[PDB]
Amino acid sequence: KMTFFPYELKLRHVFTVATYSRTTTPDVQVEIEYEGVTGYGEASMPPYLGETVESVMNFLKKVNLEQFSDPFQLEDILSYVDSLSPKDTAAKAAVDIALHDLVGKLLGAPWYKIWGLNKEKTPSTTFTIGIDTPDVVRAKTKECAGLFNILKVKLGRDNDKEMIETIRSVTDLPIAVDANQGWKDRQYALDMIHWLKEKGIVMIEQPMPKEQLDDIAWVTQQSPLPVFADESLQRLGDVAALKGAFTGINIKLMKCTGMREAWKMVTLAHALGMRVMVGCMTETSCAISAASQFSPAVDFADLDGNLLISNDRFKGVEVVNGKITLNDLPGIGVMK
């Protein structure tokens, strides 16, 4: 029995992505019940990604899980779910997450354990220092620096150098940057990378538009920092084409349809000699903890989505000494 309902996320402060800012995030909460056990799932829909409460609710209304008598049939069930529409990846991820939570609960084990991973190998999560006045930027950097081991800064915008200079003036913490397809000039991107390297940046994400894979490859081949693909991929079938152009890939549950496909993407990337990082949207601890289950296998992680909302519905993974920390709760590791 699957039930679902809209649950708008309330953000603590204005959150900006490229040229889009917001203080809330459409979201749908899902639950799958089987013999008295409940698995929790979630779909998060940043507006610019194309899904809405309406599209997600409508997709979920197409899903018939009552015809399936065994929750452990993840391959068959999720293949069926994927077949219902061409995309709606966040809606599909919600079903996948709830099913994994349910299955893990029935097995009495967290997915990091089912997958055979060492929870002590979880990564440090980045936390974003948003664009603002120099004084505010310096203030916010000082206020959080003591809780994280690495900070994230979004570039590919107006005053990238100034932002880095401002932040670096009050902290020596390593910085990961996301250019979000902001640099269209191949040489400018490479020069920026060298400058950022000099300023203590340790990783670069999607420096150029996905259409310019050729230019991206040229940059990565000469880059002293690992370059990760984000906008350049969504699902499993998009990974192989990036071999040789990117150092690694970024995986997000809302983009890839959930945990099962995410794990396959980790396997594929690694098998192809590529590195892996994991990201997230502003989400409750349901989706954040779900993604955290495979974090012991990633190089970088931006798993702070729940920290930006004021109405989390679950207690799941926590940031301890700046490190994503998995509890021993079965399934995706959350308590409602």
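Residue positions are given as counts along the sequence shown, with the first one as 1.
Asker: Would 144-152 or 121-129 have the larger average of its C-alpha temperature factors, as given in the entry?
Answerer: Mean CA B-factor is higher for 144-152.
Asker: Looking at the entry, does 216-224 or 246-254 show the higher mean C-alpha B-factor?
Answerer: Of 246-254 and 216-224, the stretch with the higher C-alpha B-factor average is 216-224.
Asker: Highest Cα B-factor in the PDB entry belongs to which of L307, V278, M281, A271?
Answerer: Among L307, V278, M281, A271, the highest C-alpha B-factor in the entry belongs to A271.
Asker: Between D299, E54, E42, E66, let me know which has the highest C-alpha B-factor in the entry?
Answerer: Result of the comparison over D299, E54, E42, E66: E66.
Asker: For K92, return the chain-relative third of its C-alpha B-factor as stated in the PDB record: lowest, middle or highest.
Answerer: Lowest third of the chain for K92's C-alpha B-factor.
Asker: Is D172 in the lowest, middle or highest third of its chain when residues are ranked by C-alpha B-factor?
Answerer: According to the entry, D172 has a C-alpha B-factor in the chain's highest third.
Asker: Would you mind checking where the Cα B-factor of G36 ranks among the modelled residues of its chain, as the lowest, middle or highest third?
Answerer: Tercile = highest for this residue's CA B-factor.
Asker: Going by what the PDB entry lists, where does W263 fall on CA B-factor within its chain: lowest, middle or highest third?
Answerer: It falls in the bottom third of the chain.
Asker: In terms of the CA temperature factor given in the entry, to which third of its chain does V81 belong: lowest, middle or highest?
Answerer: It belongs to the lowest third of the chain when residues are ordered by C-alpha B-factor.
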